[PDB]
Structure formats: structure tokens, C-alpha cells
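Enquirer: Following this message is one structure expressed as C-alpha cells.
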Amino acid sequence: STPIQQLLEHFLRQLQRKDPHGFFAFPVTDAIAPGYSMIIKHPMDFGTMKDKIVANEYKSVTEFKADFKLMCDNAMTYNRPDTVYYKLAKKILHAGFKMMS
Ligand SMILES: C/C=C/Cn1cc(-c2cccc(C(=O)N(C)C)c2)c2cc[nH]c2c1=O
């Protein structure tokens with residue numbers, strides 16, 4: 001609806017294209033990642049970001065960028081550097097921030 005919502009939906013679509021496996025698509029469960037909720041205090045994922053856009057909870061691109069960075073930082077905190085997850089998070093973090101200027 002609103003201009004910011006339209007822009008953030010556009011950014012979100014482009015970011016999700018960089019995650020074809022959808023590792024970032026939904027909240028990480030402790031079943032898939034043992035101990036996750038005990039290690040990551042502020043979980044974030046593309047699905048939650050979509051819900052926040054729809055609810056009109058972002059009022060600036062800066063806020064959206066902060067949630068995107070949080071999501072990537074979480075993946076680089078929980079996962080070791082040699083994992084596909086860590087490597088994807090670092091790659092998408094830089095590409096996403098460039099893509100968003
Ligand atoms: C780039 C990752 C972002 C978030 N994330 C997602 C998964 C995840 C989620 C859903 C499915 C799978 C998967 O395909 N597995 C576990 C085989 C992984 C996972 C598993 C261990 N750590 C993580 C993780 O940090």
C-alpha cells in the first residue's frame with residue numbers, strides 16, 4: 001500500500017532471490033539447529049520481515065536494513081565459518097546492502 005511498503009516488498013523480493021534454498025525463509029527451529037534459541041537472542045528471518053512489511057511496522061529503509069543485517073549476523077553467529085550457511089549469510093549481507101545502495 002504505502003510507498004515504503006512497496007519499496008520494502010521490492011527489496012525483499014530481490015533479497016529472497018539470493019536464497020534459493022530458502023534457508024532464510026522462516027524462523028530457525030531448535031530441532032533443525034540445536035540450541036539455536038539459547039544462542040540467538042533476537043531471531044529474524046525473511047518471513048518475519050514480510051509480516052512486518054504487511055503490518056506496516058517498518059517506517060524507514062534503515063529499520064528494514066537493520067533487520068536484514070540482524071538475520072545475517074545471526075547466521076554468522078550460530079554457524080561456523082566453513083558452513084554453507086555462514087558463507088551464504090556473508091555473501092547475501094554484502095550483496096543486499098549494495099543492492100539497497
Ligand atoms: C543461511 C541460514 C540461515 C538460517 N539457518 C537456517 C537453517 C536451515 C533451515 C531450514 C532447513 C535447513 C536444511 O536444509 N537443513 C538443516 C539440512 C537449514 C540452519 C541449519 C543450521 N543452521 C541454520 C541457519 O542458521
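Chain identifiers are assigned as A, B, and so on, following the order in which chains appear in the C-alpha cells; residues are numbered from 1 within each chain, and ligands are numbered from 1 in order of appearance.
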Might you pull out every residue within 8 Å of residue 85 of chain A, with only C-alpha atoms counted and same-chain residues fewer than 2 positions away left off, and present them as an MDAnalysis selection string?
Expert: chainID A and resid 23 75:76 79 83 87:89
Enquirer: Write the residues of the selection above to a file with N, CA, C and O atoms, as a tab-separated table (two decimals), in the first residue's frame.
Expert:
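Below you can see out.tsv, which holds the result:
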chain	number	residue	atom	x	y	z
A	23	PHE	N	16.85	-21.01	3.10
A	23	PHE	CA	17.38	-21.15	4.46
A	23	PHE	C	16.92	-19.99	5.34
A	23	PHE	O	16.71	-20.17	6.55
A	75	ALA	N	23.12	-15.75	11.49
A	75	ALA	CA	23.64	-16.92	10.80
A	75	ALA	C	25.15	-17.01	10.93
A	75	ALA	O	25.70	-18.11	10.99
A	76	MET	N	25.84	-15.86	10.99
A	76	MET	CA	27.28	-15.85	11.19
A	76	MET	C	27.67	-15.98	12.65
A	76	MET	O	28.86	-16.11	12.95
A	79	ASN	N	26.46	-20.38	13.18
A	79	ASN	CA	27.12	-21.33	12.30
A	79	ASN	C	28.61	-21.03	12.20
A	79	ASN	O	29.04	-19.88	12.27
A	83	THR	N	30.69	-23.40	6.97
A	83	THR	CA	29.40	-23.95	6.58
A	83	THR	C	28.80	-23.16	5.42
A	83	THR	O	29.09	-21.97	5.24
A	87	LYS	N	28.65	-18.96	4.87
A	87	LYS	CA	29.10	-18.39	3.61
A	87	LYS	C	27.98	-17.66	2.89
A	87	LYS	O	28.19	-16.58	2.32
A	88	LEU	N	26.77	-18.24	2.91
A	88	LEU	CA	25.64	-17.58	2.26
A	88	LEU	C	25.28	-16.29	2.98
A	88	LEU	O	25.03	-15.26	2.33
A	89	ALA	N	25.28	-16.32	4.31
A	89	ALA	CA	24.91	-15.13	5.07
A	89	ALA	C	25.86	-13.97	4.79
A	89	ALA	O	25.42	-12.83	4.63
Enquirer: Could you list, as an MDAnalysis selection string, all residues that come within 10 Å of ligand 1? Count only C-alpha atoms and all ligand atoms.
Expert: chainID A and resid 19 21:34 36 40 43:46 71:80 83:90 92
Enquirer: So which residues of chain A fall under helix (DSSP H, G or I) by DSSP, listed as a PDB file with N, CA and C atoms, in the first residue's frame?
Expert:
ATOM      1  N   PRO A   3       4.076   3.940   0.174  1.00  0.00           N
ATOM      2  CA  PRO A   3       5.334   3.940  -0.592  1.00  0.00           C
ATOM      3  C   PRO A   3       6.424   3.091   0.039  1.00  0.00           C
ATOM      4  N   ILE A   4       6.645   3.224   1.348  1.00  0.00           N
ATOM      5  CA  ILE A   4       7.679   2.414   1.986  1.00  0.00           C
ATOM      6  C   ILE A   4       7.352   0.931   1.880  1.00  0.00           C
ATOM      7  N   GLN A   5       6.082   0.559   2.054  1.00  0.00           N
ATOM      8  CA  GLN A   5       5.731  -0.853   1.908  1.00  0.00           C
ATOM      9  C   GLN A   5       6.071  -1.360   0.515  1.00  0.00           C
ATOM     10  N   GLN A   6       5.740  -0.584  -0.521  1.00  0.00           N
ATOM     11  CA  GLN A   6       6.048  -1.028  -1.877  1.00  0.00           C
ATOM     12  C   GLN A   6       7.548  -1.187  -2.082  1.00  0.00           C
ATOM     13  N   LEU A   7       8.344  -0.240  -1.577  1.00  0.00           N
ATOM     14  CA  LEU A   7       9.791  -0.325  -1.741  1.00  0.00           C
ATOM     15  C   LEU A   7      10.358  -1.522  -0.991  1.00  0.00           C
ATOM     16  N   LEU A   8       9.915  -1.727   0.249  1.00  0.00           N
ATOM     17  CA  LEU A   8      10.451  -2.840   1.024  1.00  0.00           C
ATOM     18  C   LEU A   8      10.041  -4.188   0.439  1.00  0.00           C
ATOM     19  N   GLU A   9       8.827  -4.297  -0.111  1.00  0.00           N
ATOM     20  CA  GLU A   9       8.446  -5.537  -0.784  1.00  0.00           C
ATOM     21  C   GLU A   9       9.354  -5.802  -1.973  1.00  0.00           C
ATOM     22  N   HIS A  10       9.699  -4.748  -2.712  1.00  0.00           N
ATOM     23  CA  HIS A  10      10.623  -4.897  -3.830  1.00  0.00           C
ATOM     24  C   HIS A  10      11.987  -5.388  -3.351  1.00  0.00           C
ATOM     25  N   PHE A  11      12.554  -4.729  -2.338  1.00  0.00           N
ATOM     26  CA  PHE A  11      13.835  -5.164  -1.786  1.00  0.00           C
ATOM     27  C   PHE A  11      13.751  -6.606  -1.305  1.00  0.00           C
ATOM     28  N   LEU A  12      12.678  -6.943  -0.593  1.00  0.00           N
ATOM     29  CA  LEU A  12      12.544  -8.294  -0.058  1.00  0.00           C
ATOM     30  C   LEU A  12      12.525  -9.333  -1.176  1.00  0.00           C
ATOM     31  N   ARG A  13      11.783  -9.065  -2.253  1.00  0.00           N
ATOM     32  CA  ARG A  13      11.765  -9.997  -3.382  1.00  0.00           C
ATOM     33  C   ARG A  13      13.167 -10.214  -3.937  1.00  0.00           C
ATOM     34  N   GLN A  14      13.937  -9.136  -4.085  1.00  0.00           N
ATOM     35  CA  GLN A  14      15.281  -9.266  -4.638  1.00  0.00           C
ATOM     36  C   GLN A  14      16.200 -10.006  -3.673  1.00  0.00           C
ATOM     37  N   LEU A  15      16.046  -9.766  -2.373  1.00  0.00           N
ATOM     38  CA  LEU A  15      16.885 -10.462  -1.407  1.00  0.00           C
ATOM     39  C   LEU A  15      16.575 -11.954  -1.385  1.00  0.00           C
ATOM     40  N   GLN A  16      15.289 -12.314  -1.405  1.00  0.00           N
ATOM     41  CA  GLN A  16      14.937 -13.729  -1.326  1.00  0.00           C
ATOM     42  C   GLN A  16      15.424 -14.488  -2.548  1.00  0.00           C
ATOM     43  N   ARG A  17      15.573 -13.802  -3.685  1.00  0.00           N
ATOM     44  CA  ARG A  17      16.093 -14.468  -4.874  1.00  0.00           C
ATOM     45  C   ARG A  17      17.518 -14.959  -4.672  1.00  0.00           C
ATOM     46  N   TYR A  36      19.636 -23.308  19.166  1.00  0.00           N
ATOM     47  CA  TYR A  36      19.531 -22.016  18.491  1.00  0.00           C
ATOM     48  C   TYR A  36      18.965 -20.939  19.409  1.00  0.00           C
ATOM     49  N   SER A  37      17.798 -21.196  19.996  1.00  0.00           N
ATOM     50  CA  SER A  37      17.134 -20.165  20.780  1.00  0.00           C
ATOM     51  C   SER A  37      17.914 -19.800  22.035  1.00  0.00           C
ATOM     52  N   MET A  38      18.865 -20.635  22.447  1.00  0.00           N
ATOM     53  CA  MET A  38      19.711 -20.302  23.583  1.00  0.00           C
ATOM     54  C   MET A  38      20.932 -19.489  23.182  1.00  0.00           C
ATOM     55  N   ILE A  39      21.252 -19.449  21.893  1.00  0.00           N
ATOM     56  CA  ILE A  39      22.416 -18.736  21.393  1.00  0.00           C
ATOM     57  C   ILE A  39      22.031 -17.414  20.741  1.00  0.00           C
ATOM     58  N   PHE A  46      13.310 -13.864   6.728  1.00  0.00           N
ATOM     59  CA  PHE A  46      12.564 -13.187   5.661  1.00  0.00           C
ATOM     60  C   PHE A  46      11.049 -13.248   5.869  1.00  0.00           C
ATOM     61  N   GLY A  47      10.529 -14.370   6.380  1.00  0.00           N
ATOM     62  CA  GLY A  47       9.092 -14.456   6.607  1.00  0.00           C
ATOM     63  C   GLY A  47       8.609 -13.457   7.648  1.00  0.00           C
ATOM     64  N   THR A  48       9.333 -13.352   8.763  1.00  0.00           N
ATOM     65  CA  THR A  48       9.024 -12.332   9.757  1.00  0.00           C
ATOM     66  C   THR A  48       9.132 -10.925   9.171  1.00  0.00           C
ATOM     67  N   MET A  49      10.151 -10.674   8.346  1.00  0.00           N
ATOM     68  CA  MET A  49      10.280  -9.369   7.694  1.00  0.00           C
ATOM     69  C   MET A  49       9.092  -9.078   6.785  1.00  0.00           C
ATOM     70  N   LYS A  50       8.639 -10.080   6.029  1.00  0.00           N
ATOM     71  CA  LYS A  50       7.445  -9.909   5.205  1.00  0.00           C
ATOM     72  C   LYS A  50       6.242  -9.536   6.061  1.00  0.00           C
ATOM     73  N   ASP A  51       6.035 -10.255   7.169  1.00  0.00           N
ATOM     74  CA  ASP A  51       4.912  -9.950   8.050  1.00  0.00           C
ATOM     75  C   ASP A  51       5.013  -8.531   8.589  1.00  0.00           C
ATOM     76  N   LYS A  52       6.237  -8.076   8.888  1.00  0.00           N
ATOM     77  CA  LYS A  52       6.395  -6.721   9.404  1.00  0.00           C
ATOM     78  C   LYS A  52       6.095  -5.676   8.334  1.00  0.00           C
ATOM     79  N   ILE A  53       6.476  -5.934   7.077  1.00  0.00           N
ATOM     80  CA  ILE A  53       6.063  -5.049   5.988  1.00  0.00           C
ATOM     81  C   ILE A  53       4.543  -4.988   5.899  1.00  0.00           C
ATOM     82  N   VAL A  54       3.894  -6.155   5.836  1.00  0.00           N
ATOM     83  CA  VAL A  54       2.441  -6.201   5.675  1.00  0.00           C
ATOM     84  C   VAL A  54       1.752  -5.445   6.801  1.00  0.00           C
ATOM     85  N   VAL A  61      13.748   2.721   5.530  1.00  0.00           N
ATOM     86  CA  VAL A  61      14.631   1.717   4.944  1.00  0.00           C
ATOM     87  C   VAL A  61      15.696   1.297   5.953  1.00  0.00           C
ATOM     88  N   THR A  62      16.173   2.245   6.765  1.00  0.00           N
ATOM     89  CA  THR A  62      17.171   1.924   7.785  1.00  0.00           C
ATOM     90  C   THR A  62      16.689   0.807   8.707  1.00  0.00           C
ATOM     91  N   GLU A  63      15.427   0.868   9.146  1.00  0.00           N
ATOM     92  CA  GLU A  63      14.909  -0.184  10.020  1.00  0.00           C
ATOM     93  C   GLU A  63      14.883  -1.538   9.325  1.00  0.00           C
ATOM     94  N   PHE A  64      14.450  -1.566   8.070  1.00  0.00           N
ATOM     95  CA  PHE A  64      14.436  -2.813   7.305  1.00  0.00           C
ATOM     96  C   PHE A  64      15.850  -3.366   7.149  1.00  0.00           C
ATOM     97  N   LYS A  65      16.802  -2.496   6.794  1.00  0.00           N
ATOM     98  CA  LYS A  65      18.198  -2.901   6.666  1.00  0.00           C
ATOM     99  C   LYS A  65      18.739  -3.461   7.974  1.00  0.00           C
ATOM    100  N   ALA A  66      18.306  -2.910   9.104  1.00  0.00           N
ATOM    101  CA  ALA A  66      18.780  -3.427  10.382  1.00  0.00           C
ATOM    102  C   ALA A  66      18.276  -4.847  10.623  1.00  0.00           C
ATOM    103  N   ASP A  67      17.020  -5.125  10.274  1.00  0.00           N
ATOM    104  CA  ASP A  67      16.518  -6.485  10.439  1.00  0.00           C
ATOM    105  C   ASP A  67      17.230  -7.442   9.491  1.00  0.00           C
ATOM    106  N   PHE A  68      17.500  -7.005   8.262  1.00  0.00           N
ATOM    107  CA  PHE A  68      18.225  -7.852   7.326  1.00  0.00           C
ATOM    108  C   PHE A  68      19.624  -8.168   7.849  1.00  0.00           C
ATOM    109  N   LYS A  69      20.322  -7.157   8.375  1.00  0.00           N
ATOM    110  CA  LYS A  69      21.652  -7.376   8.930  1.00  0.00           C
ATOM    111  C   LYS A  69      21.590  -8.277  10.156  1.00  0.00           C
ATOM    112  N   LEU A  70      20.578  -8.086  11.004  1.00  0.00           N
ATOM    113  CA  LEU A  70      20.419  -8.964  12.159  1.00  0.00           C
ATOM    114  C   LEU A  70      20.290 -10.418  11.717  1.00  0.00           C
ATOM    115  N   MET A  71      19.478 -10.661  10.686  1.00  0.00           N
ATOM    116  CA  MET A  71      19.273 -12.015  10.187  1.00  0.00           C
ATOM    117  C   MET A  71      20.593 -12.630   9.735  1.00  0.00           C
ATOM    118  N   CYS A  72      21.378 -11.875   8.968  1.00  0.00           N
ATOM    119  CA  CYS A  72      22.670 -12.388   8.513  1.00  0.00           C
ATOM    120  C   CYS A  72      23.646 -12.556   9.675  1.00  0.00           C
ATOM    121  N   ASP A  73      23.703 -11.578  10.587  1.00  0.00           N
ATOM    122  CA  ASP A  73      24.599 -11.687  11.736  1.00  0.00           C
ATOM    123  C   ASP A  73      24.263 -12.915  12.573  1.00  0.00           C
ATOM    124  N   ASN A  74      22.970 -13.211  12.738  1.00  0.00           N
ATOM    125  CA  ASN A  74      22.588 -14.419  13.469  1.00  0.00           C
ATOM    126  C   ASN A  74      23.180 -15.665  12.818  1.00  0.00           C
ATOM    127  N   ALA A  75      23.118 -15.749  11.486  1.00  0.00           N
ATOM    128  CA  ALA A  75      23.642 -16.919  10.795  1.00  0.00           C
ATOM    129  C   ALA A  75      25.153 -17.007  10.934  1.00  0.00           C
ATOM    130  N   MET A  76      25.838 -15.861  10.985  1.00  0.00           N
ATOM    131  CA  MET A  76      27.278 -15.851  11.188  1.00  0.00           C
ATOM    132  C   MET A  76      27.668 -15.983  12.649  1.00  0.00           C
ATOM    133  N   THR A  77      26.704 -15.947  13.565  1.00  0.00           N
ATOM    134  CA  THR A  77      26.999 -16.193  14.968  1.00  0.00           C
ATOM    135  C   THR A  77      26.813 -17.661  15.319  1.00  0.00           C
ATOM    136  N   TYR A  78      25.708 -18.253  14.867  1.00  0.00           N
ATOM    137  CA  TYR A  78      25.384 -19.621  15.241  1.00  0.00           C
ATOM    138  C   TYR A  78      26.209 -20.638  14.461  1.00  0.00           C
ATOM    139  N   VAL A  84      27.963 -23.832   4.625  1.00  0.00           N
ATOM    140  CA  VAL A  84      27.245 -23.141   3.557  1.00  0.00           C
ATOM    141  C   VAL A  84      26.421 -21.995   4.130  1.00  0.00           C
ATOM    142  N   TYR A  85      25.859 -22.192   5.328  1.00  0.00           N
ATOM    143  CA  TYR A  85      25.016 -21.172   5.949  1.00  0.00           C
ATOM    144  C   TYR A  85      25.796 -19.896   6.212  1.00  0.00           C
ATOM    145  N   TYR A  86      26.948 -20.017   6.876  1.00  0.00           N
ATOM    146  CA  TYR A  86      27.786 -18.854   7.152  1.00  0.00           C
ATOM    147  C   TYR A  86      28.207 -18.175   5.854  1.00  0.00           C
ATOM    148  N   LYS A  87      28.650 -18.965   4.873  1.00  0.00           N
ATOM    149  CA  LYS A  87      29.105 -18.387   3.612  1.00  0.00           C
ATOM    150  C   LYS A  87      27.976 -17.661   2.893  1.00  0.00           C
ATOM    151  N   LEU A  88      26.771 -18.235   2.906  1.00  0.00           N
ATOM    152  CA  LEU A  88      25.636 -17.581   2.262  1.00  0.00           C
ATOM    153  C   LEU A  88      25.285 -16.289   2.978  1.00  0.00           C
ATOM    154  N   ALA A  89      25.275 -16.321   4.308  1.00  0.00           N
ATOM    155  CA  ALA A  89      24.905 -15.132   5.069  1.00  0.00           C
ATOM    156  C   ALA A  89      25.856 -13.975   4.785  1.00  0.00           C
ATOM    157  N   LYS A  90      27.159 -14.249   4.722  1.00  0.00           N
ATOM    158  CA  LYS A  90      28.114 -13.180   4.461  1.00  0.00           C
ATOM    159  C   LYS A  90      27.930 -12.634   3.055  1.00  0.00           C
ATOM    160  N   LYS A  91      27.745 -13.526   2.085  1.00  0.00           N
ATOM    161  CA  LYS A  91      27.582 -13.108   0.699  1.00  0.00           C
ATOM    162  C   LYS A  91      26.334 -12.256   0.538  1.00  0.00           C
ATOM    163  N   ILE A  92      25.207 -12.739   1.061  1.00  0.00           N
ATOM    164  CA  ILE A  92      23.942 -12.035   0.901  1.00  0.00           C
ATOM    165  C   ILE A  92      23.938 -10.726   1.684  1.00  0.00           C
ATOM    166  N   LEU A  93      24.625 -10.673   2.833  1.00  0.00           N
ATOM    167  CA  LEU A  93      24.690  -9.423   3.583  1.00  0.00           C
ATOM    168  C   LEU A  93      25.297  -8.312   2.740  1.00  0.00           C
ATOM    169  N   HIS A  94      26.466  -8.571   2.152  1.00  0.00           N
ATOM    170  CA  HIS A  94      27.115  -7.547   1.335  1.00  0.00           C
ATOM    171  C   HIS A  94      26.323  -7.250   0.063  1.00  0.00           C
ATOM    172  N   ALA A  95      25.846  -8.283  -0.640  1.00  0.00           N
ATOM    173  CA  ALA A  95      25.100  -8.042  -1.872  1.00  0.00           C
ATOM    174  C   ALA A  95      23.809  -7.288  -1.592  1.00  0.00           C
ATOM    175  N   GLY A  96      23.140  -7.629  -0.491  1.00  0.00           N
ATOM    176  CA  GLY A  96      21.895  -6.967  -0.157  1.00  0.00           C
ATOM    177  C   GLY A  96      22.078  -5.500   0.172  1.00  0.00           C
ATOM    178  N   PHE A  97      23.109  -5.175   0.957  1.00  0.00           N
ATOM    179  CA  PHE A  97      23.383  -3.780   1.284  1.00  0.00           C
ATOM    180  C   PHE A  97      23.799  -2.990   0.049  1.00  0.00           C
ATOM    181  N   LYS A  98      24.571  -3.602  -0.852  1.00  0.00           N
ATOM    182  CA  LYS A  98      24.856  -2.930  -2.116  1.00  0.00           C
ATOM    183  C   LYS A  98      23.573  -2.707  -2.904  1.00  0.00           C
ATOM    184  N   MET A  99      22.757  -3.759  -3.031  1.00  0.00           N
ATOM    185  CA  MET A  99      21.523  -3.675  -3.806  1.00  0.00           C
ATOM    186  C   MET A  99      20.614  -2.578  -3.274  1.00  0.00           C
TER     187      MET A  99
END
Enquirer: Which of these, A:60, A:55, A:81, A:101, has the shortest distance to residue 1 of chain A once you count only C-alpha atoms?
Expert: A:55
